[PDB]
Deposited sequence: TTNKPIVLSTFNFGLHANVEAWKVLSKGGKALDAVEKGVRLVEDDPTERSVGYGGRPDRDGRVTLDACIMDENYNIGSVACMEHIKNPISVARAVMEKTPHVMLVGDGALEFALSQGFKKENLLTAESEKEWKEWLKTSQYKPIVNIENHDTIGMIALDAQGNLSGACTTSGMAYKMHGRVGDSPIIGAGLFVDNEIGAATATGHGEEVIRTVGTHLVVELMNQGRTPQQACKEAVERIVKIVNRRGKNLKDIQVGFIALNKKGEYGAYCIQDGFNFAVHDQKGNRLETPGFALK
């Protein structure tokens, strides 16, 4: 029994993103195309205020985006702190496919996007501009309604894994701040002989623990996807305590999928959900949480 094809993505907007990925997966399409099409739906929508277009700016009023992608054969691409391109996941795929590098940032990422035909656009909506000027008159508090990242991982009809992660980062972050979403091993990791995992939340904490590489290595060690996500969250809980911080101030979610299409998730604070679509249909599930 292998449950394939199957796709998982983060937060409640993962349900709609999964319908676009299933359009690829249900026709035998590649997991890489499915996860790119899925997260682009959310990058494109200005009402999703933490991914792509309409994302809240850094404190200087610049919308800078972070994304990475990984396919079934350790090919990776990433862009971080890139301005004026609505679809960072697709520029990350072009870094992977068209350059000898795996990560470009800042002005160099934008110059490369324009060289590959991407269109320069104004990503700061009137809504985000209004909110930023009011904020100008930094408290990255936990908020369950803030779907701060879309991460999506899929196992296709060929039995191949791939994943994508994209965000506009912490609202009113310092100029040039980069979170976990464009870092391979922190926001996203895919090993086609084992499984894949993506992360959400306070990016600094996922980088600190190399979160998604740790989840996949625990599945390599025999942990179920859910057990792997749970123990990686418990490692963050331990480190939060050793650093003298308070867990109520921190939110991190992990979703994971292995080679047989088994899946799981776990988070620090209640209220993180994820969407799963497989042949039985698309549904929103609620994982366990550490802060009780």
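- Against the full deposited sequence, the model leaves out just one stretch, namely 138 to 140.
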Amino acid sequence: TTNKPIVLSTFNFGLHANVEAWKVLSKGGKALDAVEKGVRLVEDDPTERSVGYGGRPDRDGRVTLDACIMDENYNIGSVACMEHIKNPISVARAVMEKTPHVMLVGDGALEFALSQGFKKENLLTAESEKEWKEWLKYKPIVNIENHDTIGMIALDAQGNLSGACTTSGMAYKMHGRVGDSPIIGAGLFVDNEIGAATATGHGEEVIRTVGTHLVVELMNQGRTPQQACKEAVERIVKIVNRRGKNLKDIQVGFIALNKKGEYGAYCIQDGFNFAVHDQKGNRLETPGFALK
From here on, numbers count along this sequence of modelled residues.
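- Taking the PDB entry as given, 128 to 136 carries the higher mean Cα B factor of the two stretches 180 to 188 and 128 to 136.
- Two stretches are in play, 65 to 73 and 22 to 30, and the higher mean C-alpha B-factor belongs to 22 to 30.
- Going by the entry's values, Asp44 shows the largest Cα B-factor out of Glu262, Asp44, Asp58, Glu36.
- Going by the entry's values, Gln226 shows the largest Cα B-factor out of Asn258, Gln226, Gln251, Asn246.
- Sort the modelled residues of the chain by CA B factor and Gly169 lands in the middle third.
- Per-chain ranking of the deposited C-alpha B factor places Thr200 in the middle third.
- Compared with the other modelled residues of the chain, the Cα B-factor recorded for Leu123 ranks in the highest third.
- Residue-level temperature factors show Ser9 in the lowest third of its chain, judged at the C-alpha atom.
- In this PDB entry, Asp156 carries a Cα temperature factor that places it within the lowest third of its chain's modelled residues.
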